[PDB]
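First up is the structure itself, then whatever we jot down about it.
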Amino acid sequence: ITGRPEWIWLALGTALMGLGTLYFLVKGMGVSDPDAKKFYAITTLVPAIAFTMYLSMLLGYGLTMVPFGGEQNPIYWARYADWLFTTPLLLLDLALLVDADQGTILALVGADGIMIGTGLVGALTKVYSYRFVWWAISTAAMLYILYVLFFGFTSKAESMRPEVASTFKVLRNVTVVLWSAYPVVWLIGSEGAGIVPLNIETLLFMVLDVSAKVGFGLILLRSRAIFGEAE
Amino acid sequence: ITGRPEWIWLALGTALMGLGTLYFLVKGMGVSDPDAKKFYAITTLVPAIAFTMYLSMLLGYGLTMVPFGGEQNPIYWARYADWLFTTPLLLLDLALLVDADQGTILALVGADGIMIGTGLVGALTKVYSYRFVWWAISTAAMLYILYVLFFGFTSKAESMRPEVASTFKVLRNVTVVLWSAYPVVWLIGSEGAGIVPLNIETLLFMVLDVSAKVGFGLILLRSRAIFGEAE
Amino acid sequence: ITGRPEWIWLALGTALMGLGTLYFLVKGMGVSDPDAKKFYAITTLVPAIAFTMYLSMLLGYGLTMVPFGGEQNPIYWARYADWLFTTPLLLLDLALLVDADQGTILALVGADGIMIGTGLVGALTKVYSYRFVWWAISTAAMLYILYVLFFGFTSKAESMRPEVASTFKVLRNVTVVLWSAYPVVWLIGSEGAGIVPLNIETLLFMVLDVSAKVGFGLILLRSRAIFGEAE
Ligand SMILES: CC(C)CCC[C@@H](C)CCC[C@@H](C)CCC[C@@H](C)CCOC[C@@H](CO)OCC[C@H](C)CCC[C@H](C)CCC[C@H](C)CCCC(C)C
Ligand SMILES: CC(C)CCC[C@@H](C)CCC[C@@H](C)CCC[C@@H](C)CCOC[C@@H](CO)OCC[C@H](C)CCC[C@H](C)CCC[C@H](C)CCCC(C)C
Ligand SMILES: CC(C)CCC[C@@H](C)CCC[C@@H](C)CCC[C@@H](C)CCOC[C@@H](CO)OCC[C@H](C)CCC[C@H](C)CCC[C@H](C)CCCC(C)C
Ligand SMILES: *C/C=C(C)/C=C/C=C(C)/C=C/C1=C(C)CCCC1(C)C
Ligand SMILES: *C/C=C(C)/C=C/C=C(C)/C=C/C1=C(C)CCCC1(C)C
Ligand SMILES: *C/C=C(C)/C=C/C=C(C)/C=C/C1=C(C)CCCC1(C)C
Ligand SMILES: CCCCCCCCCCCCCCC
Ligand SMILES: CCCCCCCCCCCCCCC
Ligand SMILES: CCCCCCCCCCCCCCC
Ligand SMILES: CCCCCCCCCCCCCCC
Ligand SMILES: CCCCCCCCCCCCCCC
Ligand SMILES: CCCCCCCCCCCCCCC
Ligand SMILES: CCCCCCCCCCCCCC
Ligand SMILES: CCCCCCCCCCCCCC
Ligand SMILES: CCCCCCCCCCCCC
Ligand SMILES: CCCCCCCCCCCCC
Ligand SMILES: CCCCCCCCCCCCC
Ligand SMILES: CCCCCCCCCCC
Ligand SMILES: CCCCCCCCCCC
Ligand SMILES: CCCCCCCCCCC
Ligand SMILES: CCCCCCCCCC
Ligand SMILES: CCCCCCCCCC
Ligand SMILES: CCCCCCCCCC
Ligand SMILES: CCCCCCCCC
Ligand SMILES: CCCCCCCCC
Ligand SMILES: CCCCCCCCC
Ligand SMILES: CCCCCCCC
Ligand SMILES: CCCCCCCC
Ligand SMILES: CCCCCCCC
Ligand SMILES: CCCCCCCC
Ligand SMILES: CCCCCCCC
Ligand SMILES: CCCCCCCC
Ligand SMILES: CCCCCCCC
């Protein structure tokens, strides 16, 4: 484990995702509202999945070597197995908050799968220049997601209860800022141009992951928007 | 790229799926009917997924070598990753058109997963004679799907609006004819008996894919069956 | 095939899953109740999936070698591909029986995915002591599932029709007893401590699989709880 300088950030990430999972699990014990139960189930699964994948990276299972640039490059593939399941769950939290229609939910989840799937292909591609073709396709899929979150959901939240509109607006802004950083870290990190070393890259993804999952969840599950209007 | 004679058909397929995706995306911009939005989302995702997998084959990522018959045989595995997601989406288009019940939808999607999954196992199997055992199981799963589309959905469409009944009947006939060709191309192509060479096999799958996805989508999204009855 | 002593139990399992699939398929022909169709579709898919994965193990495709303990250990990875899809389908049978809320269904299916996913990682892990870390995480996920089936569903079934309450109680008890045996067989078998040899381990999993899928299905599909109350 300790033979890799980035191990400290993988261990911290593992701990923070595990602690986040347990807090949400305990906090959700005393909840019977069927609407609130939906948000607790979605939001608790997110850091639980991330916990297992951070642990796999810490123990060395989620790491492979990819030859490109005449070098064997360490690629943590477990990140994409994490994101494949956690990013659509996070979008479902937002879509259920605004009572989005089914067709829009399917478009979001499908574009998200394309985003993560093409990012994985780009991470494992051995022809250096082709890695950035996949990065560009994946980034186009992300821009579609961000467009929908702004010019489809925002207008839908305003016609909703005030507390669900204000909570959505906050979580929307958090998501757009944090998610946009991921393609940048990829491009300048060891998967892309190799400007930033792997140990610093790992620290950046850990800060982003914890903020986008645990921080996101703390804002959502403390809001009254997750409960139905009741007397 | 150009070192493979089949590259021209992979490049054409990539272009036609990309163009198809963009047309459906633009055409769906001016749509607010929640029913129509469902069909546009399903139908636009189909060629978008196929685009990415054709590109992976063009660039050489979606290709592996499988030893059988005393030879290293080029097997494009990316086809099955495509079909795993696009064939159930196409069946969902048909099932939603006739307002199929949930139990029937689950049976269709499950049989479809078995069809594609066993076809993938057959494509990667190293014992030559066993490849055709998997082909037979996969073909049995397809025949179940075709039976349901005829002796379960057809009777349901007649009790529906006339425009949804006539549109379903057309898309049903297109699907049964085109899908039935796939097991035949597999059997006589490089995955099976090896009668037809890979470059011709690739041309045939490209014609079938574009027809079953883009051609299918053009018929559906030009129909009024996708809109609810409104004044 | 016959070069492996466990082949006899893989062949028996294949036959019993295939026969089970055909019986459920025939029995479900004469069913039009939309509620009953749901249970028949879920319950017939379970042994059909298991059939294909037992066949892959029989023919040698679903087997790999994992080095640990200074030895190349035969690991049947196809079991986890089976369980990944069949265990959530079995939980869906139970959840639909008691009309569970959506949030609870998602929590069950998500915990089940974590259970199977971490068990697969543990089966393929090359550092011997780490294999049991994954076993423990997977077992914690199972205990969560069992808790929900007892202290969330049981109370919900009592407020239901008497026949659905008594049928659920029976299937609940069958599930908790049979599922609990799996982590024990893993721990003492070739994936874990290696006390029980592989051929005996394979026999035990076959008895458990057939009972948990075909036996489970025979109890459910003979009950009147799967039909709506009708005159
Ligand atoms: C509606 C939305 C959900 C739609 C989703 C969008 C999606 C279509 C976007 C594209 C996804 C696609 C790129 C997934 C590729 C997975 C692949 C990286 C797995 C590893 O295989 C890659 C190479 C080794 O580098 O295999 C070496 C050769 C091996 C012999 C490969 C044989 C196994 C194949 C991988 C079998 C295909 C399985 C499916 C891809 C499983 C789904 C994985 C997940 C990442 C989507
Ligand atoms: C309700 C419906 C959706 C049900 C679906 C029906 C489905 C059950 C039908 C059978 C599907 C099954 C054959 C999928 C097999 C995937 C497999 C080809 C992936 C590549 O692995 C094959 C060998 C190399 O040749 O791995 C070499 C050895 C490696 C060490 C393998 C270890 C990884 C395992 C593959 C882990 C299992 C992952 C799941 C199979 C992922 C789903 C893939 C998709 C193709 C279903
Ligand atoms: C809501 C719920 C459904 C959530 C589900 C819970 C889930 C997150 C729990 C953890 C699942 C995770 C451990 C799955 C790992 C699959 C992995 C074993 C496949 C084989 O790859 C392992 C190594 C060889 O040993 O690959 C060698 C290196 C290769 C180069 C690997 C590159 C391919 C990657 C495997 C791509 C990721 C694909 C996804 C993991 C596909 C889903 C598989 C299924 C088992 C979940
Ligand atoms: C909890 C994890 C989250 C919210 C991860 C989000 C990840 C992304 C938005 C990743 C995007 C990428 C691109 C847009 C292209 C480059 C490759 C990716 C996958 C890093
Ligand atoms: C857009 C792609 C489509 C509609 C693909 C359809 C593919 C099939 C219907 C494939 C069927 C197969 C068999 C029936 C057995 C032989 C292997 C397959 C997977 C080619
Ligand atoms: C039809 C198959 C069924 C119902 C299989 C159930 C399997 C389990 C409940 C497996 C549980 C495991 C653990 C709890 C940890 C050890 C590894 C597993 C996956 C065997
Ligand atoms: C979206 C965030 C990207 C900003 C990356 C900042 C990295 C600064 C760290 C110093 C770079 C290390 C280079 C010298 C080793
Ligand atoms: C009462 C609110 C705080 C509860 C404690 C939460 C502990 C989980 C770890 C959170 C750290 C990361 C927060 C986002 C920066
Ligand atoms: C379902 C369509 C299958 C028909 C295949 C027709 C192939 C004819 C092309 C000529 C065969 C090439 C053999 C000589 C190289
Ligand atoms: C107005 C209808 C035609 C629009 C142009 C569609 C261009 C997408 C490519 C379609 C070619 C394949 C059609 C099926 C044979
Ligand atoms: C949950 C069931 C686990 C019980 C396992 C009993 C196995 C007894 C078979 C004899 C053990 C073989 C050891 C000598 C070869
Ligand atoms: C009339 C009920 C029996 C029908 C025959 C079922 C045959 C399928 C194989 C069942 C054997 C396994 C039963 C569970 C132990
Ligand atoms: C194995 C991959 C299957 C999933 C394909 C994605 C489409 C799923 C459609 C689900 C239809 C709704 C069923 C109720
Ligand atoms: C990782 C594979 C999980 C999918 C298994 C297929 C069954 C899914 C059941 C979904 C139940 C409906 C939830 C609302
Ligand atoms: C185009 C939709 C408007 C909202 C999206 C904001 C774009 C942020 C740019 C992200 C940069 C990634 C490289
Ligand atoms: C048996 C259901 C009737 C409709 C299915 C038509 C069968 C077409 C044969 C396809 C040939 C594939 C080898
Ligand atoms: C803790 C929830 C109560 C019901 C679960 C029964 C636990 C059975 C123990 C299984 C042993 C697996 C190692
Ligand atoms: C080795 C660098 C080659 C540059 C390729 C950049 C491709 C980016 C595509 C974005 C449209
Ligand atoms: C090398 C050819 C061996 C023939 C096997 C055919 C199997 C087909 C099974 C269809 C029932
Ligand atoms: C080689 C045996 C090492 C023992 C590790 C046991 C780990 C079990 C963790 C359960 C909390
Ligand atoms: C609940 C605390 C979980 C912390 C265990 C993971 C941290 C790795 C320490 C080496
Ligand atoms: C929108 C046009 C997309 C065409 C790019 C793919 C074709 C491959 C050319 C080499
Ligand atoms: C319907 C009977 C299915 C039996 C075939 C599988 C058994 C393997 C025999 C070698
Ligand atoms: C993106 C930063 C999240 C901050 C988490 C703190 C929330 C406390 C209510
Ligand atoms: C299967 C052939 C499809 C033909 C596509 C043309 C549709 C234009 C309305
Ligand atoms: C767990 C044992 C199941 C027994 C199956 C027999 C059911 C006949 C109704
Ligand atoms: C009005 C809410 C502002 C939230 C933005 C937070 C950016 C990290
Ligand atoms: C909408 C604000 C985008 C912020 C992008 C930050 C990328 C590091
Ligand atoms: C009555 C519609 C006929 C459609 C069949 C088209 C076959 C390619
Ligand atoms: C229902 C007509 C089937 C046509 C099969 C064509 C196979 C090449
Ligand atoms: C295995 C075939 C079953 C025969 C019919 C059983 C009575 C519905
Ligand atoms: C009251 C029903 C008892 C069922 C338990 C069966 C254990 C195999
Ligand atoms: C609730 C009874 C548990 C039985 C466990 C059996 C494990 C072999």
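We name chains A, B, ... following the order of the structure tokens; residues begin at 1 in each chain, and ligands are numbered from 1 as shown.
All residues of protein, DNA or RNA that reach within 6 Å of range 136-152 of chain C, judged by only C-alpha atoms and not counting those fewer than 6 positions away in the chain, are residues 111, 115, 118 and 119 of chain C.
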Which residues are near ligand 31 - at most 7 Å, using only C-alpha atoms and all ligand atoms? Format: as a PDB file with C-alpha atoms, in the first residue's frame.
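Output file pocket_14.pdb is given in full below:
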ATOM      1  CA  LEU C  19     -36.228 -28.016 -16.648  1.00  0.00           C
ATOM      2  CA  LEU C  22     -39.466 -24.772 -19.148  1.00  0.00           C
ATOM      3  CA  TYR C  23     -42.013 -25.681 -16.471  1.00  0.00           C
ATOM      4  CA  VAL C  26     -45.411 -23.554 -19.886  1.00  0.00           C
ATOM      5  CA  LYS C  27     -47.321 -22.905 -16.661  1.00  0.00           C
TER       6      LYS C  27
END
Q) Quick one: residues within 7 Å of ligand 10, with only C-alpha atoms and all ligand atoms, as a PyMOL selection string? A) chain B and resi 16+19-20+23+210-211+214-215+218
Let me see the file: selected residues, C-alpha atoms, as an mmCIF file, in the first residue's frame.
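Written output follows (again-v4.cif):
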data_model
loop_
_atom_site.group_PDB
_atom_site.id
_atom_site.type_symbol
_atom_site.label_atom_id
_atom_site.label_comp_id
_atom_site.auth_asym_id
_atom_site.auth_seq_id
_atom_site.Cartn_x
_atom_site.Cartn_y
_atom_site.Cartn_z
ATOM 1 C CA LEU B 16 -24.271 7.616 -40.567
ATOM 2 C CA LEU B 19 -25.546 12.169 -38.589
ATOM 3 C CA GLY B 20 -28.619 10.232 -37.470
ATOM 4 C CA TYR B 23 -30.876 14.926 -36.877
ATOM 5 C CA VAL B 210 -28.326 1.721 -39.916
ATOM 6 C CA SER B 211 -31.674 0.391 -41.143
ATOM 7 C CA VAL B 214 -31.862 5.252 -38.114
ATOM 8 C CA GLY B 215 -34.439 3.908 -40.571
ATOM 9 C CA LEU B 218 -37.253 8.018 -39.057
#
Give the residues close to ligand 32, within 7 Å, counting only C-alpha atoms and all ligand atoms; write them as a PDB file with N, CA, C and O atoms, in the first residue's frame.
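Result file is pocket_17.pdb:
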ATOM      1  N   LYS C 169     -44.597 -14.617   4.232  1.00  0.00           N
ATOM      2  CA  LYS C 169     -43.936 -15.143   5.421  1.00  0.00           C
ATOM      3  C   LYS C 169     -43.169 -16.425   5.109  1.00  0.00           C
ATOM      4  O   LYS C 169     -42.066 -16.638   5.626  1.00  0.00           O
ATOM      5  N   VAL C 170     -43.731 -17.284   4.258  1.00  0.00           N
ATOM      6  CA  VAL C 170     -43.058 -18.529   3.896  1.00  0.00           C
ATOM      7  C   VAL C 170     -41.835 -18.244   3.030  1.00  0.00           C
ATOM      8  O   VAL C 170     -40.749 -18.786   3.264  1.00  0.00           O
ATOM      9  N   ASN C 173     -38.977 -16.706   5.043  1.00  0.00           N
ATOM     10  CA  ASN C 173     -38.225 -17.661   5.852  1.00  0.00           C
ATOM     11  C   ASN C 173     -37.302 -18.509   4.986  1.00  0.00           C
ATOM     12  O   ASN C 173     -36.146 -18.755   5.353  1.00  0.00           O
ATOM     13  N   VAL C 174     -37.797 -18.972   3.838  1.00  0.00           N
ATOM     14  CA  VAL C 174     -36.962 -19.738   2.917  1.00  0.00           C
ATOM     15  C   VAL C 174     -35.744 -18.921   2.502  1.00  0.00           C
ATOM     16  O   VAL C 174     -34.615 -19.424   2.486  1.00  0.00           O
ATOM     17  N   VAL C 177     -32.961 -18.330   5.333  1.00  0.00           N
ATOM     18  CA  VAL C 177     -32.204 -19.532   5.672  1.00  0.00           C
ATOM     19  C   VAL C 177     -31.242 -19.897   4.546  1.00  0.00           C
ATOM     20  O   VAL C 177     -30.072 -20.217   4.787  1.00  0.00           O
TER      21      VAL C 177
END
Q. Taking only C-alpha atoms and all ligand atoms into account, which residues are within 8 Å of ligand 1, as a VMD selection string?
A. (chain A and resid 80 to 81 84 106 109 to 118 120 to 121 124 to 125) or (chain B and resid 45 49 to 50 52 to 53 56 61 to 64 77 to 78 80 to 82 84 to 86 120 124)
File dump, residues just selected, N, CA and C atoms, as a compact mmCIF listing (two decimals), in the first residue's frame:
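The result, written out as out-v6.txt:
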# COMPACT_ATOMS: atom_id res chain seq x y z
N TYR A 80 -14.05 4.76 -12.68
CA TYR A 80 -15.15 4.75 -13.65
C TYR A 80 -16.24 3.78 -13.23
N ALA A 81 -15.88 2.69 -12.56
CA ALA A 81 -16.89 1.78 -12.02
C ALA A 81 -17.71 2.48 -10.94
N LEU A 84 -19.85 5.29 -12.87
CA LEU A 84 -20.90 4.71 -13.71
C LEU A 84 -22.22 4.59 -12.94
N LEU A 106 -34.61 9.77 -18.68
CA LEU A 106 -33.91 8.79 -19.50
C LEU A 106 -32.81 9.44 -20.33
N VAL A 109 -29.82 10.15 -17.87
CA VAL A 109 -29.10 8.94 -17.46
C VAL A 109 -28.34 8.34 -18.64
N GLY A 110 -28.93 8.40 -19.84
CA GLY A 110 -28.26 7.87 -21.01
C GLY A 110 -27.04 8.68 -21.41
N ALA A 111 -27.18 10.01 -21.42
CA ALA A 111 -26.03 10.86 -21.70
C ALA A 111 -24.94 10.66 -20.65
N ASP A 112 -25.34 10.47 -19.39
CA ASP A 112 -24.37 10.25 -18.33
C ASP A 112 -23.60 8.95 -18.54
N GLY A 113 -24.31 7.89 -18.93
CA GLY A 113 -23.62 6.64 -19.25
C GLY A 113 -22.64 6.79 -20.40
N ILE A 114 -23.01 7.56 -21.42
CA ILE A 114 -22.08 7.80 -22.52
C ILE A 114 -20.88 8.59 -22.02
N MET A 115 -21.11 9.57 -21.15
CA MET A 115 -20.02 10.37 -20.60
C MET A 115 -19.00 9.49 -19.89
N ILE A 116 -19.47 8.63 -18.98
CA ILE A 116 -18.56 7.80 -18.21
C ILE A 116 -17.96 6.71 -19.08
N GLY A 117 -18.77 6.10 -19.96
CA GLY A 117 -18.26 5.02 -20.78
C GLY A 117 -17.15 5.45 -21.72
N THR A 118 -17.32 6.61 -22.37
CA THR A 118 -16.28 7.09 -23.27
C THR A 118 -15.05 7.59 -22.51
N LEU A 120 -13.92 6.10 -19.82
CA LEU A 120 -13.21 4.87 -19.53
C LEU A 120 -12.42 4.39 -20.75
N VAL A 121 -13.05 4.39 -21.92
CA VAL A 121 -12.34 4.01 -23.14
C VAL A 121 -11.12 4.91 -23.35
N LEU A 124 -8.16 3.94 -21.15
CA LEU A 124 -7.50 2.67 -21.46
C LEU A 124 -6.94 2.63 -22.87
N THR A 125 -7.06 3.71 -23.63
CA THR A 125 -6.62 3.73 -25.02
C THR A 125 -5.10 3.85 -25.08
N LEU B 45 -31.07 8.12 -28.27
CA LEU B 45 -29.99 7.43 -27.57
C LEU B 45 -29.45 6.26 -28.38
N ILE B 49 -25.40 5.76 -28.97
CA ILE B 49 -24.63 4.63 -28.46
C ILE B 49 -23.91 3.92 -29.60
N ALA B 50 -24.63 3.63 -30.68
CA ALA B 50 -24.03 2.93 -31.81
C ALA B 50 -22.88 3.74 -32.41
N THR B 52 -20.72 5.61 -30.81
CA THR B 52 -19.51 5.46 -30.01
C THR B 52 -18.86 4.10 -30.23
N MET B 53 -19.67 3.05 -30.42
CA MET B 53 -19.13 1.71 -30.59
C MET B 53 -18.58 1.50 -32.00
N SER B 56 -15.22 3.08 -31.81
CA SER B 56 -14.25 2.24 -31.12
C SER B 56 -13.75 1.13 -32.03
N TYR B 61 -10.11 -0.17 -30.97
CA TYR B 61 -10.25 -0.50 -29.55
C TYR B 61 -11.22 -1.66 -29.35
N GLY B 62 -12.27 -1.73 -30.16
CA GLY B 62 -13.31 -2.72 -29.97
C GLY B 62 -13.07 -4.04 -30.68
N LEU B 63 -11.80 -4.39 -30.87
CA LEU B 63 -11.39 -5.57 -31.61
C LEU B 63 -10.46 -6.41 -30.75
N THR B 64 -10.67 -7.72 -30.75
CA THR B 64 -9.78 -8.65 -30.06
C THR B 64 -9.54 -9.86 -30.95
N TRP B 77 -15.69 -7.25 -30.58
CA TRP B 77 -16.54 -7.43 -29.41
C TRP B 77 -17.40 -6.21 -29.12
N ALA B 78 -17.03 -5.04 -29.66
CA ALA B 78 -17.79 -3.83 -29.37
C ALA B 78 -19.22 -3.90 -29.90
N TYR B 80 -21.37 -6.22 -29.38
CA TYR B 80 -22.26 -6.72 -28.34
C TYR B 80 -22.48 -5.69 -27.25
N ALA B 81 -21.47 -4.85 -26.97
CA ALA B 81 -21.66 -3.76 -26.03
C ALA B 81 -22.68 -2.76 -26.57
N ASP B 82 -22.62 -2.49 -27.87
CA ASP B 82 -23.66 -1.72 -28.55
C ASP B 82 -25.03 -2.37 -28.36
N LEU B 84 -26.21 -4.70 -26.51
CA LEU B 84 -26.70 -4.92 -25.15
C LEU B 84 -27.61 -3.78 -24.70
N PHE B 85 -27.28 -2.55 -25.09
CA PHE B 85 -28.06 -1.39 -24.67
C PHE B 85 -29.05 -0.92 -25.73
N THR B 86 -28.74 -1.06 -27.02
CA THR B 86 -29.62 -0.50 -28.03
C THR B 86 -30.79 -1.42 -28.37
N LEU B 120 -22.47 -13.05 -27.17
CA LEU B 120 -21.12 -12.62 -26.81
C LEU B 120 -20.26 -13.80 -26.36
N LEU B 124 -16.69 -15.37 -28.18
CA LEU B 124 -15.41 -15.44 -27.50
C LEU B 124 -15.01 -16.87 -27.13
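In terms of minimum interatomic distance to chain C, A:39 ranks closest within A:39, A:186, A:7, A:24, counting only C-alpha atoms.
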Q | Within 10 Å of ligand 33, counting only C-alpha atoms and all ligand atoms, residues as a ChimeraX atom specification | A | /C:146,172-185
Q: Take atom 2 (C, counted along the ligand's line) of ligand 7 and atom 5 (C, counted along the ligand's line) of ligand 21 and report the distance between them in Å, one decimal.
A: 27.2 Å
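Distance annotation: of B:73, B:199, B:129, B:43, the residue with the minimal separation from chain A is B:43; atom set is only C-alpha atoms.
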Q: Select from range 41-195 of chain A everything DSSP, run on the backbone, classes as strand (DSSP E or B), then give the selection as a list in words.
A: residues 63, 64, 65, 66, 67, 68, 71, 72, 73, 74, 75 and 76 of chain A
Emit the selected residues as a JSON list (two decimals), in the first residue's frame, including C-alpha atoms.
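See selection_3.json below for the written result:
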[["chain", "number", "residue", "atom", "x", "y", "z"],
["A", 63, "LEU", "CA", -5.31, -0.14, -10.61],
["A", 64, "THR", "CA", -3.92, -1.25, -13.97],
["A", 65, "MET", "CA", -1.01, -0.32, -16.24],
["A", 66, "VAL", "CA", -1.68, 1.11, -19.70],
["A", 67, "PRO", "CA", 1.21, 1.55, -22.19],
["A", 68, "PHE", "CA", 1.30, 4.90, -23.96],
["A", 71, "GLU", "CA", 5.67, 4.16, -20.70],
["A", 72, "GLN", "CA", 3.58, 1.90, -18.48],
["A", 73, "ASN", "CA", 1.17, 4.40, -16.95],
["A", 74, "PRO", "CA", -0.77, 3.63, -13.73],
["A", 75, "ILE", "CA", -4.50, 4.04, -14.45],
["A", 76, "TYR", "CA", -7.01, 3.72, -11.61]]
